[PDB]
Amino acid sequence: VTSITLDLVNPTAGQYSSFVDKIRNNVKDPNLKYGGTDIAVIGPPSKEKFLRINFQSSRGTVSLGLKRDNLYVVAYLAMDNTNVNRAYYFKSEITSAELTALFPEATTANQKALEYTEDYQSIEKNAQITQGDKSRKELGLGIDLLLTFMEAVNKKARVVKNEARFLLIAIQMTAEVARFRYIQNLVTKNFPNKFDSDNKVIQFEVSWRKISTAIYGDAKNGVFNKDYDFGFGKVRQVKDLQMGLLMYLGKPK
């Protein structure tokens, strides 16, 4: 499995941007281009199904698995308070068998199928967010927040609220920032601090598929045949979406 490490011991904005580009560069097919734009497109499915992301602090490493065909989250690996490596996985994304190739460190009996699903709503319910709209939006984003949430699972007893909070941040700070340069630029502008998320972040995240199919089938030379609205205003130029990666939709036109 390919692994990409983010070092969180005094990171720089340039190192985080290079890390995001390594994700994009691993999954994209450089031969595909949709709607006459140059946005990177994820390639077709292959036998190399998973990508391993390592978050390294000075206290240890916590790893996250993502699918290479769509960047969905699949599992995470962390040591518990007795220093045993444990892997936690979403059954609809990966099997116990394939999980031993993704995280060879965890044996079969140290694998645990998660009890909730990987959609944001279900992780958010398990994160027990009591403020505002009760979604991930209220937790914010930022390198320092990823580090604090990572440390709450690293060599600690499993606690569903900490785990779910970690997942919400880790997924957004890897797969969503790879897809959406608006979100990447927010992290970069506020580096390394924790900062508020906004509705535009949430709107991009739920519209990846509508954005990708509109560029593929309803755009010519980077301009949409009609106005689109994903909740943050009417858009006609594809470059206002600041896209980092589109979903794979096959061969262009």
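Note that residue numbering follows the sequence shown and begins at 1.
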- What stretch has the higher average Cα B-factor here, 8-16 or 239-247? 8-16
- Determine, for stretches 147-155 and 89-97, which one has the higher mean CA B-factor as deposited. 147-155
- Task: In terms of CA temperature factor as recorded, identify the highest of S207, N54, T213, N31.
- Result: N31
- The largest CA temperature factor among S197, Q203, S63, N26 is found at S197
- Task: Please place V223 in the lowest, middle or highest third of its chain by C-alpha B factor as given in the entry.
- Result: highest
- Task: Taking the values exactly as deposited, rank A127 by C-alpha B-factor within its chain and report the matching third: lowest, middle or highest.
- Result: highest
- Query: Within this chain, which third does the Cα B-factor at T174 fall in: lowest, middle or highest?
  - Reply: lowest
- Chain thirds of CA B-factor: placement of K67: middle
- Message: Where does the C-alpha B-factor of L114 rank in its chain, lowest, middle or highest third?
- Response: middle
